[PDB]
Structure formats: C-alpha cells, structure tokens
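As structure tokens, one chain now follows by itself in the form deposited in one PDB entry.
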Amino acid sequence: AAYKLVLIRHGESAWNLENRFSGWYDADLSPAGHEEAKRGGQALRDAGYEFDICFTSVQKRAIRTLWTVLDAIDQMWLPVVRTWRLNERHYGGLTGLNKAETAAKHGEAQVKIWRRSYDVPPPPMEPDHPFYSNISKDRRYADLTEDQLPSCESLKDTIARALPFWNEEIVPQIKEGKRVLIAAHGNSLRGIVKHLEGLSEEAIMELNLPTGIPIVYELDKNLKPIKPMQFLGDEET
C-alpha cells in the first residue's frame, strides 16, 4: 500500500504487578515488561523495518519501550516526539488503589459499571488524593490549560484528547511519506485504532491490543487500512 504505520503497546509495569491503577502515574516497566519490549524490537529488526519518525507519550513505561525498540533496530538516531496526548487513560481517584481497595470502597456493581462504560469516568482525583501533586502538579503538564488537564477520564475522554494529536501532528507526517512508529498505551492506541478502522464504542471496548508486539497497518493515501492489523513476531507469539 501507499503507507505503512507501526504501533506498539508497552508491556508490564511495576504497578501492574501490584495490581494498582496507574493511569497518569509514571510507573516504570517491570523487568518482564522490559524483556517484552526487547522481543518486539527484535521482531522489527528481523523483518527489516525502517522508520523516519517516532511518537510516544510523556510516561516512561512507553518511552522506555520506544528506547528499547530503537536500540534493537539500530535506529536510536531517529527523531522522537513526546506528548501528553498519548498518555494512558487518567483513572482519577482510583489512581494508586489496587483491585481489593477499589471493590472494597466502591462495590462490585460500581466497578463493573465503570469497566463496561465507554463514557462514564471514574471519580475525580481531588487535591487530598495522595498522588494529586505527584501528577497534577508535575511540571511536564505546565503548558496545559485548565480544561486540558484531566482530573479523571472516560475512555471517550482519552480518545477525544488523543485524536487531535493524531490529526494535527502524525497524519501530515504520514502523508509527507514519513514511516511512523508510535509507542504508547492501551487506551490512547485504542483511540488511534478506533479512528483508523471506524470502530463502534462496543467494538473498541472489546478490543485489547497485545503488549510488546509490533502492530502493523497498511494504509492507502487516505490512511484507510487495506487489510486487518497484523502482529509481528515468531509463530507462537
């Protein structure tokens, strides 16, 4: 096809192991999640992939995934662009809580409701929240307006703030002929995939992208996929 686009979702974080809600909390990769990034990188290397520009979030689990991939394909010299708009979904007041704490405080019914909803956000991260200053006062978000910096996000919100970056910064690069690599998170990449494929809310909520696996799109000049997304790796993976 005219264009080729590659996505990669970061693997396991240190908080995944604690089964806590990370969201915008900047958890690093676990050793195993770092190895996942190494395997992805290796798959891209074995297939001879070349990029011209890379996009990632401002969260280190994604950024470190990118670094690991560039290292494996010997393209550390590529231009890299970071943006909060590709950050994981903001889980608001749930941030820092584990599974038990969440069901204990809110009940199974309510957590099931948050889980299955496209457009209901979790509770806001208020100023007395233990990670409030850690996230909302981090200088990396200093250029954000009041309306841009979320206290919490529905999946709809996450996608809504990811897609402007896609349209305004990545899309022109692709049409300029640049080969793009995006290293980001489950839900921001869900935003990109929902847009590319014209998926429904129902469909996108049932889509779980695998972690650490290069995801390959073949796009026409209008950035319409010409075939289903392909996963890159050995046969078992």
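Just count from 1 along the sequence shown to find any residue number. We call the rigid core whatever largest set of C-alpha positions still superposes within 1.5 Å between the two forms.
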Mean Cα B-factor comparison, 174-182 or 58-66, giving the higher one as deposited: 174-182
Which of 158-166 and 109-117 has higher mean CA B factor, as the PDB entry lists it: 109-117
Residue with highest C-alpha B-factor in the PDB entry, from 53, 189, 29, 204: 204
Identity of residue with top Cα B-factor, from 101, 74, 88, 146: 146
Third of chain Cα B-factors occupied by residue 14: lowest
Third of the chain, ranked by Cα B-factor, where residue 133 sits: highest
Residue 214 CA temperature factor, ranked by third within the chain: middle
Residue 41 - which third its CA temperature factor falls in, relative to the rest of the chain: lowest
Modelled-residue ranking by C-alpha temperature factor, third containing residue 142: highest
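Keep in mind that the form deposited in another entry is not shown, yet the notes after this line are about it.
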Which one of 143, 74, 128, 119, by Cα shift of 2 Å or more between this form and the one not shown, core superposed: 128
Rigid-core frame, C-alpha of residue 17, shift of 2 angstroms or more between this form and the one not shown: yes
CA of residue 110, rigid core aligned, shift of 2 Å or more between this form and the one not shown: yes
Closer or farther in that other deposited form: C-alpha pair residue 26, residue 17 (3 angstroms or more): closer
In that other deposited form, whether the C-alpha atoms of residue 15 and residue 161 sit closer or farther than here (change of 3 Å or more): farther
